[PDB]
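Asker: Structure, please.
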Amino acid sequence: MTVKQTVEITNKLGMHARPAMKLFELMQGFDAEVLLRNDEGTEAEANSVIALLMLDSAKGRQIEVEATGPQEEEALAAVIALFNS
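Answerer: Numbering: from 1, shown residues only. Please find the structure below.
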């Protein structure tokens, strides 16, 4: 099944915009689809630049990162690790 995890954005989705950019590279290195979602219910598809811009406004908001695939855990863990600094 799919694997997601709620992560609170403390006015910093992580190390600058590297996380978002790195995600694109991770999706290629890992086998699984990663998707981001804001508490507002806005699906910030990690495969869309427009979505990344919307997440930027999520400074202090909660989001729900979802990952599907064999390595879905790695992708999600990698993103969570980056968001946690």
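Asker: Okay, buried residues for stretch 2-10 please.
Answerer: By neighbour count on 16 or more other Cβ atoms under 10 Å, the buried set for stretch 2-10 is 4, 7, 9. Yep, even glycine has a C-beta here, placed from its N, CA and C like the rest.
Asker: I'd like to know which of these is nearest to residue 30.
Answerer: Set against residue 30, the nearest of these by Cβ to Cβ is residue 4 (15.4 Å).
Asker: before we move on, the earlier item: identify those among the buried residues of stretch 2-10 that sit within strands.
Answerer: Using DSSP state E, the members of the buried residues of stretch 2-10 that fall within strands are 4, 7.
Asker: just the buried residues of stretch 2-10 now: which is nearest residue 78?
Answerer: Distances from residue 78 to these, taken by Cβ to Cβ, are shortest for residue 7, at 12.4 Å.
Asker: That closest one and residue 28, how far apart?
Answerer: Note on residue 7: its distance to residue 28, by Cβ to Cβ, to the nearest Å, is 22 Å.
Asker: next one: residue 11
Answerer: Distance from residue 11 to residue 28, by Cβ to Cβ: 29 Å.
Asker: Same check on residue 37?
Answerer: 21 Å.
Asker: neighbour-wise, which of the two wins?
Answerer: With neighbours defined as other Cβ atoms under 10 Å, residue 37 and residue 28 compare such that residue 37 has more, 20 against 8.
Asker: Secondary structure class of that one, three-state.
Answerer: strand (DSSP: H, G, I helix; E, B strand; the rest coil).
Asker: Let me see the contact set for it.
Answerer: Shown in contact with residue 37 (Cβ atoms under 8 Å, 6 or more residues apart in numbering): 43-44, 63-66.
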